[PDB]
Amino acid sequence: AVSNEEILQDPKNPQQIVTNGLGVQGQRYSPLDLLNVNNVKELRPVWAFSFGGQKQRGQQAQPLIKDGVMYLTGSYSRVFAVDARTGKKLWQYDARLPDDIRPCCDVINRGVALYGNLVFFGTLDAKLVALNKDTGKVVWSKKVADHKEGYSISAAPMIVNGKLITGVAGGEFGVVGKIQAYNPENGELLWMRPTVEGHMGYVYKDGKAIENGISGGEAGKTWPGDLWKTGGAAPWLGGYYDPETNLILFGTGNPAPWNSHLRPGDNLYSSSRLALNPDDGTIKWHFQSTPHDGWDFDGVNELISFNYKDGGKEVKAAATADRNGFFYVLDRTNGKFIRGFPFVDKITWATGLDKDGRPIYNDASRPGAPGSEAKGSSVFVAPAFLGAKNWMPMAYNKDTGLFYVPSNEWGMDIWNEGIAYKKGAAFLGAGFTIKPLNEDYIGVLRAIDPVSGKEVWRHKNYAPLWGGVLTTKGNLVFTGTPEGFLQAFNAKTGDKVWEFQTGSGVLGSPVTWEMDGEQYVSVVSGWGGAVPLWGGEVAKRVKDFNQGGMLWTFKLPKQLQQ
């Protein structure tokens, strides 16, 4: 019972959230203001739901809520339907996963999509699955790609113009990134668009694949030899959609392998934002945040549409806080650079951006080629490869006009080494040790003014931040910490105003909605993601943080709202 018009209305309908991002553009802003700075002290848990299964690790889903039912995912490719008022389980789906799944960075999943009477998600063995919303039974399932080649799916899918769209993950395994659209009712493939230059995209008619242009025009333009055949650029975070331009905005992963000396050239369209026509999957513009990446600065971070006025002129902008440390503002009609500026305190790999938004590189900050030695020169780089920001989404508050960015301050030793591609094996060619830049903190929640290019406030956290952000009309900003708290801040000042210890690190993007005249807030908890196994010295800071796997639901009682 979810229509396309309903999806386009988010977040206008107080009783439901039927999109990842609280609206197709991903602003993560709720217009609800029952809960505000003056009464958030009365917010308290009303029920919780354990995922069980002795299957914990990272829990990254944002729940969707429709007809009083919450739909969410868990680690290890599970889907739950849970009564929003009581926490009672309606049904649960556990995907059968093979023992040789190949996620780089934990067995995470970022959520479902809803359309008609179906619930959709992608699995860690790279299937797209449609479940009956009432029974949880499989209605259809399609292989998106071959998990034995290193493909997985970790992102929430999206609905655009009645089409179900998913990317894939696996750049650390040298997969070929691609975005796919499907008929939601039956799983019939509609189009496919590779994100690596040189690969043919297709539309599908009557079950037949019809050529629809090579991504980037021709193979070998910004890649040498056949390196583009394992180029990565996986669009592993999903994307968002702008109704005004009718463009899907999708970011792409790092180029493979990590050893950039094996792939001279800009390596399109790795570490880029793409705008695609949803009719047929053609790329209408691109912006490359890190050309010829040498640091695993994936360019997937969400590109969030927002409008403002400059010289009395209306600007259709979009903002993204990149892995590489720069906060970019683009003209979303054509992809042209408006402004870009650091949102972390230390960047070594570039000294700035040129007039088109291309980095001005500091070549001493790229690890050298191994040459005659086993390893090349080690260099210290900031940000670390895990990024100034990683998967976890920022939020836009329409009232303050600010973006609220969960950022991290860390650097890395990094070196390069030879690497031969082997199907299904890691495809790095680099070694590394992530290190803190500061003794007392790593994570920094930052309010960014995207028009002035200024930081408005900052809040430091001992552990890295690794969770999505929510902001509301009640002048509130919510986000989780690995220390286990769901935390709320004053959106104007950054002062903490509320928190609750959920008992395991909180990664989920919080969501809020209204039922029976009361405002609810929900988040999933369960520590994991890339930091424990990729985090180097910083992982040691959080080594004693226990796993979990639980949906938490809070409410402001009606009689305490005034």
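We number the residues from 1 along the sequence you see.
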{"property": "Between 502-510 and 529-537 (mean CA B-factor, as deposited), the higher", "result": "529-537"}
{"property": "Between the two ranges 170-178 and 275-283, the one averaging a larger CA B factor in the entry", "result": "275-283"}
{"property": "Member of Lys89, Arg323, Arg110, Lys423 with the greatest C-alpha B factor (per the PDB record)", "result": "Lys423"}
{"property": "Out of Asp125, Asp399, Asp298, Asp226, highest CA B-factor residue", "result": "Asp399"}
{"property": "Chain-wide C-alpha B factor ranking for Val40, given as lowest, middle or highest third", "result": "middle"}
{"property": "Third assignment of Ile210 from its chain's C-alpha B-factors", "result": "highest"}
{"property": "B-factor third for the C-alpha atom of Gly517 within its chain", "result": "highest"}
{"property": "For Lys142, the third of its chain into which the C-alpha B factor falls", "result": "lowest"}
{"property": "Chain third (lowest, middle, highest) by recorded CA B-factor, residue given as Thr493", "result": "highest"}
